[PDB]
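One file, query20.txt, carrying compact mmCIF, C-alpha atoms:
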```txt
# COMPACT_ATOMS: atom_id res chain seq x y z
CA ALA A 1 17.67 -3.64 -2.70
CA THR A 2 16.44 -1.05 -5.21
CA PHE A 3 12.83 0.15 -5.26
CA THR A 4 11.83 2.11 -8.35
CA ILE A 5 8.75 4.20 -7.46
CA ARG A 6 6.91 5.66 -10.45
CA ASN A 7 3.87 7.90 -10.62
CA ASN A 8 1.81 6.94 -13.69
CA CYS A 9 -1.23 8.87 -12.40
CA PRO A 10 -2.37 12.01 -14.26
CA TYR A 11 -2.36 13.80 -10.88
CA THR A 12 0.53 14.55 -8.51
CA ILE A 13 1.38 11.97 -5.89
CA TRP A 14 3.58 12.64 -2.88
CA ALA A 15 5.36 9.31 -2.54
CA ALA A 16 6.16 8.07 0.96
CA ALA A 17 8.54 5.39 2.12
CA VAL A 18 9.62 4.01 5.46
CA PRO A 19 12.60 3.80 5.19
CA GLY A 20 13.22 6.43 2.50
CA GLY A 21 11.33 9.57 3.46
CA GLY A 22 9.21 11.16 0.76
CA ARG A 23 9.14 13.04 -2.53
CA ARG A 24 6.67 14.98 -4.67
CA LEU A 25 6.11 13.08 -7.91
CA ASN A 26 4.44 14.99 -10.72
CA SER A 27 2.69 12.87 -13.34
CA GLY A 28 5.24 10.54 -14.93
CA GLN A 29 8.04 11.15 -12.42
CA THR A 30 10.16 8.47 -10.73
CA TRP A 31 11.83 8.22 -7.31
CA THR A 32 14.49 5.56 -6.88
CA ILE A 33 15.46 4.39 -3.40
CA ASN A 34 17.98 1.85 -2.18
CA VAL A 35 17.31 0.01 1.02
CA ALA A 36 19.70 -2.05 3.21
CA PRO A 37 19.42 -5.86 3.25
CA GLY A 38 17.38 -7.03 6.24
CA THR A 39 15.15 -3.95 6.19
CA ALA A 40 11.88 -4.93 7.84
CA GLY A 41 8.58 -3.36 8.87
CA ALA A 42 8.85 -1.34 5.69
CA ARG A 43 6.23 0.30 3.51
CA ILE A 44 5.82 2.46 0.44
CA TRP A 45 2.56 4.32 -0.16
CA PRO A 46 1.02 7.20 -2.14
CA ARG A 47 -0.27 10.42 -0.55
CA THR A 48 -2.79 12.71 -2.26
CA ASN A 49 -3.38 16.47 -1.99
CA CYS A 50 -0.50 17.52 0.25
CA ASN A 51 0.25 21.09 1.17
CA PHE A 52 3.71 21.58 2.64
CA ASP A 53 5.68 24.73 3.45
CA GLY A 54 9.34 25.45 2.76
CA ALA A 55 10.30 23.52 5.89
CA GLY A 56 8.46 20.51 4.48
CA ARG A 57 5.68 20.78 7.06
CA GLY A 58 1.97 20.58 6.31
CA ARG A 59 -0.85 18.09 5.68
CA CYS A 60 -1.89 15.50 3.09
CA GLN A 61 -5.53 14.52 2.49
CA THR A 62 -4.62 10.81 2.53
CA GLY A 63 -1.68 8.89 3.96
CA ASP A 64 -0.37 11.81 6.01
CA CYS A 65 2.73 10.96 8.06
CA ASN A 66 2.69 13.26 11.11
CA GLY A 67 2.53 16.43 8.99
CA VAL A 68 5.86 16.18 7.12
CA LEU A 69 7.08 15.61 3.56
CA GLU A 70 9.90 13.17 4.38
CA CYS A 71 8.13 10.49 6.41
CA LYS A 72 9.71 9.18 9.60
CA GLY A 73 6.75 6.93 10.38
CA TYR A 74 3.57 5.44 8.92
CA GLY A 75 0.67 7.34 7.34
CA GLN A 76 -3.03 7.96 8.02
CA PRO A 77 -5.71 5.79 6.36
CA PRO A 78 -7.03 5.54 3.74
CA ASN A 79 -3.79 4.59 2.01
CA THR A 80 -2.97 1.77 -0.40
CA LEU A 81 0.10 0.00 1.03
CA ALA A 82 3.09 -1.81 -0.43
CA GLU A 83 4.58 -3.67 2.54
CA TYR A 84 7.84 -5.60 2.67
CA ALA A 85 10.58 -7.23 4.72
CA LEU A 86 13.89 -8.26 3.14
CA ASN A 87 16.30 -11.14 3.82
CA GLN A 88 14.06 -12.83 6.37
CA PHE A 89 13.75 -16.56 7.04
CA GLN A 90 15.83 -18.59 4.55
CA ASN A 91 16.92 -15.24 3.10
CA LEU A 92 13.49 -14.70 1.57
CA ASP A 93 11.86 -11.33 0.93
CA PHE A 94 8.18 -11.21 1.95
CA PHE A 95 5.99 -8.59 0.35
CA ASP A 96 2.32 -7.71 -0.18
CA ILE A 97 -0.23 -5.09 -1.08
CA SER A 98 -2.51 -4.34 1.88
CA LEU A 99 -5.92 -2.67 1.99
CA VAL A 100 -6.26 -3.20 5.75
CA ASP A 101 -5.60 0.53 6.14
CA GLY A 102 -7.80 1.32 3.15
CA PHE A 103 -7.38 2.36 -0.49
CA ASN A 104 -6.53 5.75 -1.99
CA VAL A 105 -4.69 5.17 -5.28
CA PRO A 106 -4.36 2.03 -7.49
CA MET A 107 -0.99 0.28 -7.41
CA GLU A 108 1.27 -2.36 -8.88
CA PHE A 109 4.00 -3.79 -6.61
CA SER A 110 6.27 -6.18 -8.49
CA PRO A 111 9.72 -7.72 -8.51
CA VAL A 112 12.04 -6.90 -11.39
CA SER A 113 12.60 -10.14 -13.32
CA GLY A 114 11.12 -12.24 -10.49
CA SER A 115 12.39 -15.75 -9.64
CA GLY A 116 10.16 -18.39 -8.03
CA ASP A 117 6.45 -19.16 -8.37
CA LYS A 118 5.35 -16.61 -5.74
CA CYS A 119 7.82 -13.99 -6.96
CA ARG A 120 5.38 -12.15 -9.20
CA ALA A 121 3.55 -8.88 -9.72
CA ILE A 122 0.80 -7.84 -7.32
CA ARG A 123 -1.87 -5.45 -8.68
CA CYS A 124 -4.80 -3.55 -7.26
CA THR A 125 -6.35 -1.52 -10.06
CA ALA A 126 -10.11 -1.86 -9.59
CA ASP A 127 -12.01 1.43 -9.18
CA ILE A 128 -12.24 1.02 -5.41
CA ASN A 129 -12.75 4.77 -4.85
CA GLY A 130 -15.67 4.92 -7.25
CA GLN A 131 -17.29 1.72 -6.03
CA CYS A 132 -16.71 2.31 -2.30
CA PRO A 133 -19.69 1.62 -0.02
CA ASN A 134 -20.94 5.00 1.24
CA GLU A 135 -20.34 4.02 4.85
CA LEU A 136 -16.66 3.39 4.04
CA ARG A 137 -16.00 6.63 2.13
CA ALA A 138 -13.44 9.03 3.59
CA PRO A 139 -11.80 12.16 2.19
CA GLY A 140 -9.64 11.01 -0.71
CA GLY A 141 -10.37 7.29 -0.48
CA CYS A 142 -12.09 4.20 0.86
CA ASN A 143 -11.46 3.04 4.43
CA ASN A 144 -11.31 -0.58 5.59
CA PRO A 145 -14.23 -1.43 7.92
CA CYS A 146 -11.71 -1.86 10.75
CA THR A 147 -10.91 1.86 10.60
CA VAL A 148 -14.58 2.86 10.33
CA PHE A 149 -16.32 0.51 12.76
CA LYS A 150 -13.48 -0.37 15.16
CA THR A 151 -14.94 -3.69 16.35
CA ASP A 152 -13.31 -7.10 16.81
CA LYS A 153 -15.30 -8.47 13.87
CA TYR A 154 -13.29 -6.24 11.53
CA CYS A 155 -10.11 -5.53 13.50
CA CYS A 156 -9.33 -9.05 14.73
CA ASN A 157 -7.98 -7.88 18.10
CA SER A 158 -8.86 -11.25 19.63
CA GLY A 159 -7.39 -13.30 16.78
CA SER A 160 -10.79 -14.78 15.97
CA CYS A 161 -12.09 -13.07 12.83
CA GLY A 162 -12.93 -13.99 9.26
CA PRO A 163 -14.06 -12.41 5.98
CA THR A 164 -16.95 -9.95 6.21
CA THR A 165 -19.29 -8.35 3.70
CA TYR A 166 -17.11 -5.23 3.84
CA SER A 167 -13.78 -7.07 3.58
CA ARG A 168 -15.15 -8.98 0.59
CA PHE A 169 -15.83 -5.67 -1.16
CA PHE A 170 -12.07 -5.21 -1.32
CA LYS A 171 -11.13 -8.88 -1.83
CA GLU A 172 -13.46 -9.41 -4.78
CA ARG A 173 -11.97 -6.39 -6.57
CA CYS A 174 -8.29 -7.01 -5.70
CA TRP A 175 -7.93 -10.72 -4.97
CA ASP A 176 -4.18 -10.63 -4.29
CA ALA A 177 -4.26 -7.90 -1.61
CA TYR A 178 -4.89 -8.24 2.15
CA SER A 179 -8.53 -7.27 2.74
CA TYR A 180 -8.67 -7.87 6.51
CA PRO A 181 -6.08 -8.59 9.21
CA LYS A 182 -6.08 -12.42 8.89
CA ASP A 183 -6.07 -12.60 5.07
CA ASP A 184 -2.59 -14.21 5.17
CA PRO A 185 -2.75 -17.30 2.85
CA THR A 186 -3.85 -15.64 -0.40
CA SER A 187 -1.85 -12.43 0.03
CA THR A 188 1.82 -12.94 0.95
CA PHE A 189 4.30 -13.09 -1.92
CA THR A 190 7.96 -14.12 -1.72
CA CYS A 191 11.20 -13.57 -3.65
CA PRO A 192 14.80 -14.58 -3.01
CA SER A 193 16.71 -11.90 -1.16
CA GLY A 194 18.71 -9.78 -3.55
CA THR A 195 15.62 -9.13 -5.65
CA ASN A 196 14.80 -5.57 -6.76
CA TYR A 197 11.29 -4.10 -7.01
CA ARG A 198 9.04 -1.52 -8.59
CA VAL A 199 6.03 0.30 -7.20
CA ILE A 200 3.85 1.98 -9.83
CA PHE A 201 0.92 4.30 -8.98
CA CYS A 202 -1.94 4.09 -11.49
CA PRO A 203 -0.22 1.34 -13.50
CA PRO A 204 -1.32 0.79 -17.10
CA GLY A 205 -3.32 -2.33 -17.98
```
If you convert what's in this file into structure tokens, what do you get?
Amino acid sequence: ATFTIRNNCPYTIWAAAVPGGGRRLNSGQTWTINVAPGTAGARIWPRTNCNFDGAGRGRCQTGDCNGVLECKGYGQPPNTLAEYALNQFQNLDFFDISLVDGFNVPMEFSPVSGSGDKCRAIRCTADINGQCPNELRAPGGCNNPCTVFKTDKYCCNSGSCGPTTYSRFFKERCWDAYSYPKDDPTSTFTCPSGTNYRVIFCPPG
């Protein structure tokens, strides 16, 4: 499956993908990756304000993946996440935007020419950074209350949680994204396997 990753932000984004690695994307640049069928536990996310050396080692302000350019694992919150698993049950792809690990940059995650009623574009473009509750603010973004407060109410460790005032901050601004760990019904999208995708940072309206 092809994922076309485009930076439409006026600032530089260091794209990250597991699988895929990572690439510096100046404003307007694209990174195209191809991923094997059956790829699961996958994400794509933006990183802001990275400083890497010639060996590709350093630090990003948001979404840092163990101090390297080409990610071999997940990143540090706050980071807006495109999550997916391909060719799963009934050969369906399942994909979502998640804010459970916070928000750093606005995003569209969409199938190319999508087939099926739930095979459609997902967008989170509200000014979440600007509107972020002060208690949720972090360098470069807005953390989910689970990251900040670390209690069962927000983190759902026991499996018995629900929407909160803080999760609703996210959900009311980006209704199609996961806002807390058990936000499953109104947030998982599906396409037939074989579908290709785009991820756009700072998408136009």
To one decimal place, how far is CA of residue 87 (chain A) from CA of residue 161 (chain A) in Å? 29.8 Å
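Between CA of residue 35 (chain A) and CA of residue 64 (chain A) the interatomic distance comes to 21.8 Å.
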Nearby residues, (-11.8, -1.2, 7.0) file frame, 6 Å, all atoms listed in the file, as a compact mmCIF listing (two decimals) with C-alpha atoms, in the coordinates of the input:
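This is the output file result.txt:
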```txt
# COMPACT_ATOMS: atom_id res chain seq x y z
CA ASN A 143 -11.46 3.04 4.43
CA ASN A 144 -11.31 -0.58 5.59
CA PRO A 145 -14.23 -1.43 7.92
CA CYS A 146 -11.71 -1.86 10.75
CA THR A 147 -10.91 1.86 10.60
CA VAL A 148 -14.58 2.86 10.33
```
Near region 185-190 of chain A, 10 Å: region 95-173 of chain A residue rows, closest pairs, all atoms listed in the file, as JSON lines:
```
{"residue": "A:95", "atom": "CA", "partner": "A:189", "partner_atom": "CA", "distance": 5.3}
{"residue": "A:96", "atom": "CA", "partner": "A:188", "partner_atom": "CA", "distance": 5.4}
{"residue": "A:97", "atom": "CA", "partner": "A:187", "partner_atom": "CA", "distance": 7.6}
{"residue": "A:98", "atom": "CA", "partner": "A:187", "partner_atom": "CA", "distance": 8.3}
{"residue": "A:110", "atom": "CA", "partner": "A:189", "partner_atom": "CA", "distance": 9.7}
{"residue": "A:111", "atom": "CA", "partner": "A:190", "partner_atom": "CA", "distance": 9.5}
{"residue": "A:114", "atom": "CA", "partner": "A:190", "partner_atom": "CA", "distance": 9.5}
{"residue": "A:115", "atom": "CA", "partner": "A:190", "partner_atom": "CA", "distance": 9.2}
{"residue": "A:116", "atom": "CA", "partner": "A:190", "partner_atom": "CA", "distance": 7.9}
{"residue": "A:117", "atom": "CA", "partner": "A:190", "partner_atom": "CA", "distance": 8.5}
{"residue": "A:118", "atom": "CA", "partner": "A:189", "partner_atom": "CA", "distance": 5.3}
{"residue": "A:119", "atom": "CA", "partner": "A:190", "partner_atom": "CA", "distance": 5.2}
{"residue": "A:120", "atom": "CA", "partner": "A:189", "partner_atom": "CA", "distance": 7.4}
{"residue": "A:121", "atom": "CA", "partner": "A:189", "partner_atom": "CA", "distance": 8.9}
{"residue": "A:122", "atom": "CA", "partner": "A:189", "partner_atom": "CA", "distance": 8.3}
```
Test item: residues at most 7 Å from residue 61 (chain A), all atoms listed in the file, excluding those fewer than 5 positions along its chain, as a list in words: residues 48, 49, 50, 139 and 140 of chain A
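Shortest atom-to-atom contact with residue 9 (chain A) among A:154, A:43, A:195, A:105: A:105, counting all atoms listed in the file.
Nearest to residue 130 (chain A) of all the residues A:193, A:151, A:104, A:8 is A:104, counting all atoms listed in the file.
Our summary of the geometry notes that CA of residue 137 (chain A) is positioned 18.6 Å from CA of residue 178 (chain A).
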Can you pull out the residues contacting residue 202 (chain A)? Cut-off 10 Å, using all atoms listed in the file, and skip same-chain residues under 3 positions away; I want them as a count of residues only. 15
Just want the 7 Å neighbourhood of residue 77 (chain A), counted on all atoms listed in the file, with same-chain residues fewer than 3 positions away dropped. Output as number ranges by chain. A: 62-63, 101-102, 143
Include C-alpha atoms and write out the residues we just selected as a PDB file, in the coordinates of the input.
```
ATOM      1  CA  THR A  62      -4.620  10.810   2.530  1.00  0.00           C
ATOM      2  CA  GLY A  63      -1.680   8.890   3.960  1.00  0.00           C
ATOM      3  CA  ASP A 101      -5.600   0.530   6.140  1.00  0.00           C
ATOM      4  CA  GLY A 102      -7.800   1.320   3.150  1.00  0.00           C
ATOM      5  CA  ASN A 143     -11.460   3.040   4.430  1.00  0.00           C
TER       6      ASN A 143
END
```
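With only C-alpha atoms taken into account, every residue lying no more than 10 Å from the file point (4.7, 17.6, -2.1) is included here: residues 12, 13, 14, 15, 22, 23, 24, 25, 26, 47, 48, 49, 50, 51, 52, 53, 56, 57, 58, 59, 60, 68, 69 and 70 of chain A.
The closest residue to residue 169 (chain A), picked from A:196, A:39, A:157, A:131 and counting all atoms listed in the file, is A:131.
Among A:203, A:134, A:158, A:103, the residue with the shortest atom-to-atom distance to residue 174 (chain A), counting all atoms listed in the file, is A:103.
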Start from the incomplete input, build N, CA and C atoms for region 113-138 of chain A, and deliver everything as a PDB file, in the coordinates of the input.
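Output contents, as saved in selection.pdb:
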```
ATOM      1  N   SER A 113      12.174  -8.800 -12.892  1.00  0.00           N
ATOM      2  CA  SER A 113      12.600 -10.140 -13.320  1.00  0.00           C
ATOM      3  C   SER A 113      12.509 -11.184 -12.192  1.00  0.00           C
ATOM      4  N   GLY A 114      11.308 -11.396 -11.662  1.00  0.00           N
ATOM      5  CA  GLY A 114      11.120 -12.240 -10.490  1.00  0.00           C
ATOM      6  C   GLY A 114      11.394 -13.736 -10.649  1.00  0.00           C
ATOM      7  N   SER A 115      12.073 -14.317  -9.656  1.00  0.00           N
ATOM      8  CA  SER A 115      12.390 -15.750  -9.640  1.00  0.00           C
ATOM      9  C   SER A 115      11.650 -16.535  -8.554  1.00  0.00           C
ATOM     10  N   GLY A 116      10.960 -17.603  -8.953  1.00  0.00           N
ATOM     11  CA  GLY A 116      10.160 -18.390  -8.030  1.00  0.00           C
ATOM     12  C   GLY A 116       8.674 -18.206  -8.288  1.00  0.00           C
ATOM     13  N   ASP A 117       7.867 -19.222  -7.995  1.00  0.00           N
ATOM     14  CA  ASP A 117       6.450 -19.160  -8.370  1.00  0.00           C
ATOM     15  C   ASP A 117       5.650 -18.063  -7.661  1.00  0.00           C
ATOM     16  N   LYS A 118       6.069 -17.663  -6.466  1.00  0.00           N
ATOM     17  CA  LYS A 118       5.350 -16.610  -5.740  1.00  0.00           C
ATOM     18  C   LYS A 118       6.061 -15.256  -5.854  1.00  0.00           C
ATOM     19  N   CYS A 119       7.082 -15.208  -6.704  1.00  0.00           N
ATOM     20  CA  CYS A 119       7.820 -13.990  -6.960  1.00  0.00           C
ATOM     21  C   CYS A 119       7.240 -13.337  -8.210  1.00  0.00           C
ATOM     22  N   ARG A 120       6.109 -12.653  -8.048  1.00  0.00           N
ATOM     23  CA  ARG A 120       5.380 -12.150  -9.200  1.00  0.00           C
ATOM     24  C   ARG A 120       4.722 -10.835  -8.869  1.00  0.00           C
ATOM     25  N   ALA A 121       4.205 -10.177  -9.897  1.00  0.00           N
ATOM     26  CA  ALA A 121       3.550  -8.880  -9.720  1.00  0.00           C
ATOM     27  C   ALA A 121       2.268  -8.973  -8.923  1.00  0.00           C
ATOM     28  N   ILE A 122       2.067  -8.006  -8.026  1.00  0.00           N
ATOM     29  CA  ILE A 122       0.800  -7.840  -7.320  1.00  0.00           C
ATOM     30  C   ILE A 122       0.138  -6.553  -7.821  1.00  0.00           C
ATOM     31  N   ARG A 123      -1.150  -6.615  -8.145  1.00  0.00           N
ATOM     32  CA  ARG A 123      -1.870  -5.450  -8.680  1.00  0.00           C
ATOM     33  C   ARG A 123      -3.158  -5.201  -7.926  1.00  0.00           C
ATOM     34  N   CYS A 124      -3.460  -3.929  -7.684  1.00  0.00           N
ATOM     35  CA  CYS A 124      -4.800  -3.550  -7.260  1.00  0.00           C
ATOM     36  C   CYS A 124      -5.230  -2.333  -8.064  1.00  0.00           C
ATOM     37  N   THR A 125      -6.013  -2.581  -9.112  1.00  0.00           N
ATOM     38  CA  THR A 125      -6.350  -1.520 -10.060  1.00  0.00           C
ATOM     39  C   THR A 125      -7.839  -1.293 -10.254  1.00  0.00           C
ATOM     40  N   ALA A 126      -8.665  -2.100  -9.591  1.00  0.00           N
ATOM     41  CA  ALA A 126     -10.110  -1.860  -9.590  1.00  0.00           C
ATOM     42  C   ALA A 126     -10.467  -0.446  -9.126  1.00  0.00           C
ATOM     43  N   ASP A 127     -11.587   0.093  -9.603  1.00  0.00           N
ATOM     44  CA  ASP A 127     -12.010   1.430  -9.180  1.00  0.00           C
ATOM     45  C   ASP A 127     -12.649   1.401  -7.800  1.00  0.00           C
ATOM     46  N   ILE A 128     -11.816   1.118  -6.801  1.00  0.00           N
ATOM     47  CA  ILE A 128     -12.240   1.020  -5.410  1.00  0.00           C
ATOM     48  C   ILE A 128     -12.805   2.353  -4.882  1.00  0.00           C
ATOM     49  N   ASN A 129     -12.202   3.477  -5.259  1.00  0.00           N
ATOM     50  CA  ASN A 129     -12.750   4.770  -4.850  1.00  0.00           C
ATOM     51  C   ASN A 129     -14.150   5.013  -5.387  1.00  0.00           C
ATOM     52  N   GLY A 130     -14.373   4.675  -6.650  1.00  0.00           N
ATOM     53  CA  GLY A 130     -15.670   4.920  -7.250  1.00  0.00           C
ATOM     54  C   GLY A 130     -16.739   3.992  -6.724  1.00  0.00           C
ATOM     55  N   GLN A 131     -16.344   2.765  -6.407  1.00  0.00           N
ATOM     56  CA  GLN A 131     -17.290   1.720  -6.030  1.00  0.00           C
ATOM     57  C   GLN A 131     -17.509   1.603  -4.519  1.00  0.00           C
ATOM     58  N   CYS A 132     -16.722   2.365  -3.762  1.00  0.00           N
ATOM     59  CA  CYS A 132     -16.710   2.310  -2.300  1.00  0.00           C
ATOM     60  C   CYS A 132     -18.102   2.412  -1.689  1.00  0.00           C
ATOM     61  N   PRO A 133     -18.440   1.487  -0.777  1.00  0.00           N
ATOM     62  CA  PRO A 133     -19.690   1.620  -0.020  1.00  0.00           C
ATOM     63  C   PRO A 133     -19.733   2.994   0.665  1.00  0.00           C
ATOM     64  N   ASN A 134     -20.896   3.637   0.716  1.00  0.00           N
ATOM     65  CA  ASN A 134     -20.940   5.000   1.240  1.00  0.00           C
ATOM     66  C   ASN A 134     -20.468   5.078   2.680  1.00  0.00           C
ATOM     67  N   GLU A 135     -20.741   4.031   3.451  1.00  0.00           N
ATOM     68  CA  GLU A 135     -20.340   4.020   4.850  1.00  0.00           C
ATOM     69  C   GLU A 135     -18.828   3.921   5.033  1.00  0.00           C
ATOM     70  N   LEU A 136     -18.120   3.521   3.976  1.00  0.00           N
ATOM     71  CA  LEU A 136     -16.660   3.390   4.040  1.00  0.00           C
ATOM     72  C   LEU A 136     -15.917   4.591   3.442  1.00  0.00           C
ATOM     73  N   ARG A 137     -16.637   5.469   2.755  1.00  0.00           N
ATOM     74  CA  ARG A 137     -16.000   6.630   2.130  1.00  0.00           C
ATOM     75  C   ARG A 137     -15.347   7.569   3.141  1.00  0.00           C
ATOM     76  N   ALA A 138     -14.163   8.058   2.787  1.00  0.00           N
ATOM     77  CA  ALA A 138     -13.440   9.030   3.590  1.00  0.00           C
ATOM     78  C   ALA A 138     -12.873  10.045   2.612  1.00  0.00           C
TER      79      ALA A 138
END
```
